[PDB]
Every structure is written in structure tokens, then in C-alpha cells.
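First come two forms of one protein chain, each written alone as C-alpha cells, so that there is a structure 1 and a structure 2.
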Structure 1
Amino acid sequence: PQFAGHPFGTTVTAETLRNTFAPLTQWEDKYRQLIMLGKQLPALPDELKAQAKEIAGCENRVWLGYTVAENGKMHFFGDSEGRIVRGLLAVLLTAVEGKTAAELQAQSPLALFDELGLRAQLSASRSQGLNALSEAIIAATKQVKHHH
């Protein structure tokens, strides 16, 4: 199934994130907590980078890949060089992950950033890799019509 794994969607849930981010009003503290959240995303090895899509931006390099279980549940994995984007990816992975393609196309992952009160931060880093990751997930979710 997996190697380095990641806790997002399983161990780290929407509830867990909400306890952490809900009481934060000062923008500086929100970024601190995003950076810290990103430390929980492991370093993805070279072999797993080979089977992920590399979205090399001018600003920042980002990786995203997927696998689908017989269940129909999708496992997502990825990485970022930028630490603020790495935290945001972590939030993104919590929203998806272990969810089927039908479930995914019917929910917007962006709703989680609202619940956590992170829209300003998301917005500030969209072109530094978040756009790319989000659309890569949409592209990956569309590929799960095939093999019927």
C-alpha cells in the first residue's frame, strides 16, 4: 500500500486541525502553525518522486501523485520545497485522502481552509504551488473513470 506514509486524513483530521487553528486571530501565529504542520509531512524519497507529477514553478517546486485502492478510495502523496506551501498542502491532503472520486468531485476541498480560517494564507501562496496541486488533484480525480 504505502511507504513513508502521512498522517493527514487518518490521524490528523478536520477536527484536529480545527482545534489548532480556530483560536488563532493574529496572522503571524497562523503562519507559524502552518509551518509546524508541514513538519509532519515526511520527506518523500526519490523513488516516490519518480511516480509523482513534478510541477516545477518559477517560485517553488511541488510534487503530487496518487494511487487508488480496490475500495475506490484514493491515496494522495506529495511534497513542497517551500515550508508555508508544505503546511497548506498538508491541509489539502486532510480534505482529500481516503475519499473516492465521486465524493471528491462533489465536495470542494477549499471549504476546509474557510473552516480553519486560512483563506488569506491560501490566497497569498496560490501561484507558489497551491493552484497547481489543486488542479493536479482534479486531473487525477478525472482519470478514475478509466479501467472501468
Structure 2
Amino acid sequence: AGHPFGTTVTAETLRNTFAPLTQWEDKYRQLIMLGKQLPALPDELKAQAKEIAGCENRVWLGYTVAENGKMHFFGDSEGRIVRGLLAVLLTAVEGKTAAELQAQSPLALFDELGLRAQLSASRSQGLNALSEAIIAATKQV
């Protein structure tokens, strides 16, 4: 269930890493490299994840809550770009209480990385679906 995002990889290392990349294709590649750091979710735990759907790809997204209220998220995806975008989202949300996550948008980091400006429109529906799954999970907790 475990992954590096939030712990060994953070919003500020993503920011420092993406900031130099001015060619958008370099952002794209960084996005893909980032998603290769996401470990494979075994079919076992894809079943305990809610299936979220964009316009081209599926993502799986689960969560647990420690007793101190912190939420651990986990997920997987088949497309490499979508694995990158999911890694960015996990970096944004991992380790936060339900209270802390209803404070800003889950997708603010995608803007901060310069990623939204050039992604296809179709991505926005999957991103927005991810955002509302997070919002919904904080509602359940």
C-alpha cells in the first residue's frame, strides 16, 4: 500500500524539480519518471480502491486513516502520464487529516508545477474526478 509520495518526495522537491523545466516535453517526461516511482498496486488491493475514471484512463484510489486522524492514500493506474499525475496528487494529500484536506484544492500543486497549462482538456475531467474522490474521502472520515 506504501509509496514514496508525501514522505521521501514532497511538494517542495516536485517544485524544485519542475521549476527548471521550460520545455513542456521536459515536464511531460518528469511527470512520467515521477509515476515510475509509484509502486504497483497488487490486484489484491485494487479491489479495496475506488475506481476513478478520466476521459482516457482508469485510476484506482484507496485510503486508510491512522488513529491520529492522518489519511494514507494509495492507488495505481495503467497510463504512465496518469501515474505521474497520481503521484503528484499523492504528494499533495498524503499524511493529512480530513480537516487539513478540506482547506485547499487537491489540484493546486498541478498549477504550481506548470502542468495544467498545456495538458489536454480531457485530463481536467480525470483530475477533477480525483479531487472529488479526495473530498469525498474526507467526508467519510
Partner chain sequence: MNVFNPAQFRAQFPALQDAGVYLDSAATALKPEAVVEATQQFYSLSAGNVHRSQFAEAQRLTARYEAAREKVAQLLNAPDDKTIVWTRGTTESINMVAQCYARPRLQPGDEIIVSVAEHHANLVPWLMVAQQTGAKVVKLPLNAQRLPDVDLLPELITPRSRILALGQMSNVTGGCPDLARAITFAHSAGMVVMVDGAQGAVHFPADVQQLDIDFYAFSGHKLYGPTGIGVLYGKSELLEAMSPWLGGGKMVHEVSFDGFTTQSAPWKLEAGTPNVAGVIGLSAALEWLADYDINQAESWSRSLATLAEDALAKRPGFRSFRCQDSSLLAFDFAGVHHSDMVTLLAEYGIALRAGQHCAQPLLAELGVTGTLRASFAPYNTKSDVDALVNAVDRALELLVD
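If you superpose the two forms and keep the largest set of C-alpha atoms that fall within 1.5 Å, you have the rigid core. Along the sequence of structure 1, residues get numbers from 1 upward.
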property: Correct structure when looking for the form solved without the partner chain; result: 2
property: Flagged residue of 82, 65, 57, 38 - C-alpha shift reaching 2 Å or more between structure 1 and structure 2, core superposed; result: 57
property: Core superposition between structure 1 and structure 2, C-alpha change of residue 100 at least 2 Å; result: no
property: Yes/no, residue 130 Cα shift of 2 Å or more between structure 1 and structure 2 with rigid core fixed; result: yes
property: Angstrom shift of the Cα atom of residue 110 between structure 1 and structure 2 (superposition on rigid core); result: 1.7
property: Distance moved by the residue 120 C-alpha between structure 1 and structure 2 (core-aligned, Å); result: 2.4
